[PDB]
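Working notes, structure below.
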Amino acid sequence: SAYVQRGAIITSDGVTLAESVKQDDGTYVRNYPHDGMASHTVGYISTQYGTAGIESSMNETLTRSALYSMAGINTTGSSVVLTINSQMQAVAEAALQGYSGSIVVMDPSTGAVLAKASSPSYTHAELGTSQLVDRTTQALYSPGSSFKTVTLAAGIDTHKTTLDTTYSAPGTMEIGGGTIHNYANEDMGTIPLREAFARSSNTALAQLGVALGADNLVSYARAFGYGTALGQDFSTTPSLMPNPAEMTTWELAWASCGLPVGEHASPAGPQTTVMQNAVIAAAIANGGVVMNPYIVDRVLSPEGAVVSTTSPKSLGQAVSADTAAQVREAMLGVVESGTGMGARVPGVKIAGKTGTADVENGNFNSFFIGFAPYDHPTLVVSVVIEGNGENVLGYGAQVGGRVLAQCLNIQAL
């Protein structure tokens, strides 16, 4: 079983990330060129460290029986070609230098994952002696205000509000017996929803969440993927919402701003992955149709023939096409005139939603989900930049825009 060659793992643009090399001993050593590129996605099988990535999820595939001397002769492993593009991957990894967190770039029409990066990373060379967490798919975060994309989508789709409906947006407001507050306790007066969303007012969006109710908020979150182990061919931990029946009015108000404050048997929520955030942006960019993301394009036989091809698959329609257009327009506002201006790229219309989530000890995380170009989107990005001690306000947006622009150009060629 070690005299049988393992198939390769290869990017869509033909860059080999994992090979098996025959010894004169007879056995095969696993080799990792460009060691350190997409480590978490490529993965490993380690007694000490466990199993991860494609090496495990596609183990079966990458794989006279009484004669060990003949094991090499018949079997050889079929290879795996990923949807990952090595140049978009490099872009994402460079944008994370110096930060913990993660980036996903995806095609919104199919769910294909074009880049997937987590930091800190590791090399396979180091395994042979935090970094091991895959922060794209296997870490949960409070999404903070990036989850307002779901609140807004739900509000519009149930026909409880429109972008031009006005809301009071005071610095502080009592809801369900607790206080909600805007950033800096900024009183914004009465403003249209599109502006409350662009400026990320908690007090406005909280009122929308309360107007929706717990059943609707959870229901729409689930229709975007919450509760589902996203990925046709990779493992993602599901994003979580509470049991609506257990939620309070104050809890609902904060949940609808992306802050899990609940105390009950079921999980507090929302708690999201970065991958789930990309799936939401994708669904909005793709007329409301949610795609199940996937990272394997196809399988090749040892001789080079296509054994199989992944088909894109939908997880359903989370909001109508009309609703998605309204959400996309609101997202454009975020970047043109609101909290997302740091994601602007001269020459291209970029849309999205930011967030900032305070996690303990003065740590905060900066989020961005977005897509480009605005009119016929072909890319989506999801980012988290972890602050831990450092203030990283707006960093998700700056990283998001930067990644989208460079990836658009690679797309161009």
State the antiparallel share, in %, of DSSP beta bridges confined to the chain, rounding to the nearest 5. 95 percent
Spelling it out for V359: with amide H atoms placed in the peptide plane at 1.01 Å from N, the residues 5 or more places away or on another chain with amide H under 5 Å from its amide H are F364, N365
Kirkwood Rh, the stretch 340-413, all Cα pairs: how many Å? 12.5 Å
Using a/c under 1.5 as the rounded threshold, could you call the stretch 273-413 rounded, prolate or oblate? The axes a ≥ b ≥ c are square roots of the C-alpha gyration tensor eigenvalues, and prolate needs a/b larger than b/c, oblate otherwise. prolate
Hz values of 3J(HN,Hα) by residue in the stretch 275-290 - Karplus curve (6.51, -1.76, 1.60), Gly and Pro given as x: 4, 4, 5, 4, 4, 5, 5, 4, 4, 5, 5, 10, x, x, 8, 8
Largest first and in whole Å, what are the equivalent-ellipsoid semi-axes of the stretch 143-208 based on the Cα gyration tensor, each being the root of 5 times an eigenvalue? 18, 13, 11
Cα-based reach from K353 at 20 Å (exclusive), listing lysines while leaving out same-chain residues under 8 positions away: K116, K148
How far apart, in nm, are two points set 7 Å out from the Cα along the Cα-to-Cβ line at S337 and at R30? 5.4 nm
How would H159, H40, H181, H124 line up from fewest to most surrounding beta-carbon atoms within 10 angstrom? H159, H181, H124, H40
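List the relative contact order of the stretch 211-353 as a percent without decimals, with contacts defined as Cα pairs under 8 Å and 6+ residues apart. Please list the in-between numbers first.
Numbers: 220 pairs, mean separation 26.8, N = 143.
With pairs under 8 Å counted, the relative contact order is 19 percent.
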Cα-based Debye curve of the chain sampled at q = 0.08 Å⁻¹ gives log₁₀ I(q)/I(0) of -0.44
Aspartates and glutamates near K160 by alpha-carbon distance under 19 Å, same-chain residues fewer than 8 away left out - which ones? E195, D215, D322, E329
Only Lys, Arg (+1) and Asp, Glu (-1) charged, at Cβ; the chain dipole about Cα centre in debye: 580 debye
So if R0 is 30 Å, what FRET efficiency would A66 and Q232 give, r being the distance between their Cβ atoms, rounded to the nearest 0.05? 0.20
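Counting neighbours? That spans all protein chains shown, and the Cβs are built from the backbone with ideal geometry, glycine included. A short reminder: the numbers here are calculations on the coordinates, not readings from a lab.
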